[PDB]
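As C-alpha cells, the structure follows; a few thoughts come after it.
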Amino acid sequence: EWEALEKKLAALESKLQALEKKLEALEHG
Amino acid sequence: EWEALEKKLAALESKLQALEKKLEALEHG
Amino acid sequence: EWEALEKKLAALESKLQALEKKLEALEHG
Numbered sequence: 001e002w003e004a005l006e007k008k009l010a011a012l013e014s015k016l017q018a019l020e021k022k023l024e025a026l027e028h029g
Numbered sequence: 001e002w003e004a005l006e007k008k009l010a011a012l013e014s015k016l017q018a019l020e021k022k023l024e025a026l027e028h029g
Numbered sequence: 001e002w003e004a005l006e007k008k009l010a011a012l013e014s015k016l017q018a019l020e021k022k023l024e025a026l027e028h029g
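Protein chains in written order, with PDB author numbering: chain C, 1 to 29; chain B, 1 to 29; chain A, 1 to 29.
Below, the structure is given as C-alpha cells:
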C-alpha cells in the first residue's frame, strides 16, 4: 500500500516537473 | 498554448485531490 | 494569466510536498 502511494506521488511529481520545465521556458524564452 | 497548459494543470489537480482523499482516508477514517 | 499559471504550479508543488510529509507520518509508525 505505501509503495503504491509513494509510486503515485513520484509520478505526479514528475509531471509537475514537466509543466514547470515548460513555463519558465516560455517566460524568459 | 495557455489553454493546453491550463487543461494539464487542472488534470494534475484532480489527481492530487484523489491522492489527498486516499491519505485523509487512511489517516482519518 | 501567465503569472496565474505560475501560482497555480507552486500551489500544487507545495501541496504534493505536504502530501509526502503526510504519507511519511503514516508509514513512520
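Every residue, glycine too, gets a C-beta built ideally from N, C-alpha and C.
Could you have a look at residue i and say whether DSSP puts it in helix, strand or coil?
i: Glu-1(B); result: coil
i: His-28(A); result: coil
Task: At least three beta-carbon pairs within less than 8 Å, the stretch 10-19 of chain B to the stretch 4-22 of chain A - done: yes
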